[PDB]
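Visitor: As they sit in the full assembly, here are the leading chains:
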Amino acid sequence: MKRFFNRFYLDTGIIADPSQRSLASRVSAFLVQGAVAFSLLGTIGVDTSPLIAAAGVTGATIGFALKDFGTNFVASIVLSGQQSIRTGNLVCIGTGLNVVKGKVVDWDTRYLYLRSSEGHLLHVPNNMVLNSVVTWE
Amino acid sequence: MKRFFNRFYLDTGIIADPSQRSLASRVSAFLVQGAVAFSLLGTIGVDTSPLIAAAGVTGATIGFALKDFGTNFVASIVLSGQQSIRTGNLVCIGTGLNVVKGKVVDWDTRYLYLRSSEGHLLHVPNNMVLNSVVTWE
Amino acid sequence: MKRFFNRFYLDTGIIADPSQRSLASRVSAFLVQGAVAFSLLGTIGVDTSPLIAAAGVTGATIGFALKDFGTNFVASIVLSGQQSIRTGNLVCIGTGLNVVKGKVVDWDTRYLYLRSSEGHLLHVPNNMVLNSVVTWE
Amino acid sequence: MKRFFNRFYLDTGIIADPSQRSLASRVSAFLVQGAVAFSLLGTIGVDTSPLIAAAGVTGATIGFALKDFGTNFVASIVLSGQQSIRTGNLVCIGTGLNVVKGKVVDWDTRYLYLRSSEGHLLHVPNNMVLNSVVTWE
């Protein structure tokens, strides 16, 4: 099932990095196998309420822990295929005192790199880029 | 069922982009078929509690991840048919220091494009347009 | 049941717009018929846990998506029958830098229209009008 | 049961307005009768899981929609019997730039009316009065 999940993530374009793709495929395969094993164990008569409760609590805790990284990855996926944010475009993010000015040099799944006027490298999180006034000159 | 969902989204006007419409139709059809298969499997006697718990946890996590994009799409759908926000209207969004001034040029489902006085293209998220003082001159 | 729901929304005064009233009546009738059909299907023995879980997840996601519009509609309903906010009253909303000044010209279920001193049309969301210091001169 | 609920709300002092009291009594009576009917229907064998799920989802959505009005009403109920906020007392609410100055003239369940020095009528929400530094001169 690992190969099937790898192919699915490759085709759907959710994850492009090979290492992240492999990790996600392994995690998904393990989760599916665990769910199937729990269902099979519950079919024959063995109680599964404590196991389900513990698994759900742990999964909810882990998901709440990874909220920022998940939001950043979702923003990176959504912002893909945007004409304004392209290498060589002098973009400007933010309104008021919290302003960011520079030129796009590279895109990542956790940060957006902008080259300042003095040469400093700015790491703007994609979540902040999503919920802000993006000005393209 | 894919064709039926495509027709429903076309008629109801929730989604107008053909690619987004096709993707939503495929996702909805897959979800409905999965729910029907799970119900059928639970009918004969096979336990479905772990499968339901895992599916619900994953769905909740994904839905919480896509909160910003969902809110933006809802704002884009709601703001449709508004007289103030039309091409050629010199609108002004925001009060205080966080002010945005320009002329509407194009509307998207993720951004609202305003042409500044100097020519810079402003990308105002529709969610911010919803919860702000919109001034039309 | 559509006619009964239409009459109920008309008499209770929750929704006054005919199009919104018809849409709400259709949605409510469909939801009630779906719930009755699901209950009938569960009565005879067919499992309904996956169907209920999927329906609840989808309903919760949609309800969370429409939070801003729902809040605005609730504020519009509540603010009805207020003496301060009436056509021709020079109201003033907000304290500090985020101040709004003008004369009320028209009321909507999504915006409150104020005519500025220079003639600009202000669209103040009803939710912001609810949770702010409203000054009537 | 409507008369019993009306008497209970009258004696307990939660609601004093006759129209609000009648509306709350009718809503409570309808809810209790619906719950009893659902319990009776579930007693004989008819499945009630879809009905309970739909009713709970709708009730949660409506309760979340009315959060601001509920909070304002609770603040109005709690602030009752306070010596500082009485007609003729030159109170002052807020610290910093968001300050409100005036004399109390009337009290409502949704707003607190203060007469400014120039004669403008201020409508301070009771929720803001609860969570603020109230200065009485």
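Guide: That came in fine, so what should we check first? Residues are numbered from 1 along each chain as shown, chains lettered A, B, ... in the order given.

Visitor: How about the residues of chain A by chain C?
Guide: Contact residues (Cβ under 8 Å from any Cβ of the partner chain) of chain A with chain C: there are none. C-betas here are computed from N, CA, C, even on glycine.

Visitor: Just give the closest residue to the residue of chain A found nearest chain C, not the sequence neighbours.
Guide: Of all residues in chain A, the one sitting closest to chain C is residue A:96 (11.2 Å; Cβ to the nearest Cβ). Leaving aside its chain neighbours, residue A:96 sits nearest to residue B:97 (4.3 Å; criterion: Cβ to Cβ, 6 or more residues apart in numbering or on different chains).

Visitor: so who does that neighbour touch?
Guide: A:95-97, C:97 (Cβ atoms under 8 Å, 6 or more residues apart in numbering or on different chains).

Visitor: what's the nearest residue to the residue nearest the centre of chain A if we skip its chain neighbours?
Guide: When Cα atoms, centre = their mean is applied to chain A, the residue found nearest the centroid is residue A:73 (2.1 Å). Nearest non-adjacent residue to residue A:73, counting by Cβ to Cβ, 6+ apart: residue A:109, 5.7 Å away.

Visitor: related to what we said a few turns ago, buried sites along the host helix or strand of the residue nearest to the centre of chain A?
Guide: Applying DSSP states H and E as the criterion places residue A:73 in helix A:67-79. The neighbour-count check on helix A:67-79 (16 or more other Cβ atoms under 10 Å in any protein chain shown) flags A:70-79 as buried.

Visitor: Also put chain E in, sequence below:
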Amino acid sequence: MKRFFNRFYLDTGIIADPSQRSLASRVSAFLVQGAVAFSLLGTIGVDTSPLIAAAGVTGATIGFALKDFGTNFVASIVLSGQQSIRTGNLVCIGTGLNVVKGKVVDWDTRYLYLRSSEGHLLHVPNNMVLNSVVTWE
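Guide: Putting chain E together with the chains above:
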């Protein structure tokens, strides 16, 4: 059971006001009797799912409504036995522009009374006193 709850709240020191103590005792006794009656009704065979769902929804709504008052009461209970906040101590609460300066005169379960330099009576909520920099001179 009312007397037992009254004695328990008196000994545990959670509530000291006789009227609040009596009200809490009555509410707790009613809740316990209702829970026992519901359990007894469910023991013999009568369905209790709709009753439990309605009671839980109503209780959750009421608890969410009273969040501010509950937080204030908890802060008042916790801040008890603090050396800094005592009658005659020139305390100072807040940092930056939102500063409060005065002398403690009396303590309540909803407000903290400070006498300003000019004689104005300040009502600082206990929740704000909990989460702020308290400066004692």
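
Visitor: Repeat for the buried residues of helix A:67-79, accounting for chain E.
Guide: Residues A:70-79 are the ones in helix A:67-79 that count as buried (16+ other Cβ under 10 Å).

Visitor: How about stretch A:75-92?
Guide: Neighbour-count burial for stretch A:75-92 flags A:75-79, A:84-85, A:91-92 (criterion: 16+ other Cβ under 10 Å).

Visitor: Need the max-distance pair from those.
Guide: The most widely separated members of the buried residues of stretch A:75-92, counting by Cβ to Cβ, are A:77 and A:92 (23.2 Å).

Visitor: Now do the helix holding residue A:73 against helix B:67-79, angle only.
Guide: Helix A:67-79 runs at 50 degrees relative to helix B:67-79, counting by axes from the mean of the first three to the mean of the last three Cα atoms, to 10 degrees.

Visitor: Quick check: most distant residue from the centroid of chain A.
Guide: residue A:45 (38.9 Å).

Visitor: For it, grab phi and psi.
Guide: Residue A:45 has phi and psi values of phi 140, psi -20 when expressed as degrees, to the nearest 10.

Visitor: List the residues that contact it.
Guide: Neighbour list for residue A:45: empty [criterion: Cβ under 8 Å, 6+ apart].

Visitor: Would you map out the domains in chain A?
Guide: Recorded structural domains for chain A (assignment: automatic domain parsing) are A:2-65, A:83-136.

Visitor: which other residues reach the helix or strand harbouring residue A:59?
Guide: Applying DSSP H and E as the criterion places residue A:59 in helix A:49-65. Helix A:49-65 has contacts (Cβ under 8 Å, 6+ apart) with A:34, A:38, A:70, B:49-50, B:53, B:57, B:61, B:64.

Visitor: with the structure above as the base, add chain F:
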Amino acid sequence: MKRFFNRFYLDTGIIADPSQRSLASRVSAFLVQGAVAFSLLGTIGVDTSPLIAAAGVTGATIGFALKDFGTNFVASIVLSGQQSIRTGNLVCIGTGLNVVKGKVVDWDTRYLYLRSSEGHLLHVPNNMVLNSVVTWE
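Guide: So, slotting chain F in with the rest:
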């Protein structure tokens, strides 16, 4: 079981104050005995759904009420064994206008005491110390 819980809290180092330790031990012992009694009552056939629902609602309400105190205690436990925050260290907490300057004199589970330059005693909550830029000179 009270002695066992007291020993466990003593060894694990979560609670060091003897009075808090005794109170926590008593509460934990009572909760465990109540849970065991409820499980035993449910084993023989007596319905426990209303009792479980009421207990869960009350526990959730109480836990949400004590959120600030719980967070402060957790911050106090976590910050233990930190070299920067020690008696005699001229620490500085906060950035911008909300700055706090002084010397550490004593540590508590609810406040952090700093001696100002003029002699005023500052009570900085541990939660604010956790989520702030701590500057040690």
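
Visitor: quick recheck of the contacts of residue B:97 now chain F is there?
Guide: A:95-97, C:97.

Visitor: swap the cut-off to 10 Å and go again
Guide: A:95-98, C:97-98 (Cβ atoms under 10 Å, 6 or more residues apart in numbering or on different chains).

Visitor: which residue packs closest to residue A:67, ignoring adjacent ones?
Guide: residue B:64 (7.6 Å).

Visitor: tally of neighbours for that neighbour?
Guide: 17 (other Cβ atoms under 10 Å in any protein chain shown).

Visitor: and what of residue A:46?
Guide: Residue A:46, neighbours per other Cβ under 10 Å, totals 11.

Visitor: who's in contact with it?
Guide: Counting by Cβ under 10 Å, 6+ apart, residue A:46 has contacts A:38, A:40, B:47.

Visitor: Could you see whether chain B lies near whichever helix or strand the first one is part of?
Guide: Residue A:38 is located in helix A:18-44, with elements delineated by DSSP H and E. Yes. Helix A:18-44 lies within reach of chain B by Cβ under 10 Å from any Cβ of the partner chain, at A:28, A:31-32, A:34-44.

Visitor: Can I have the buried ones of these as a ChimeraX selection?
Guide: In ChimeraX, this line selects whichever of the residues of helix A:18-44 next to chain B come out buried by 16+ other Cβ under 10 Å:
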select /A:28,35,38,39,42
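
Visitor: Quick check: the two most widely separated of the contacts of residue B:97?
Guide: A:98 and C:98 (16.7 Å).
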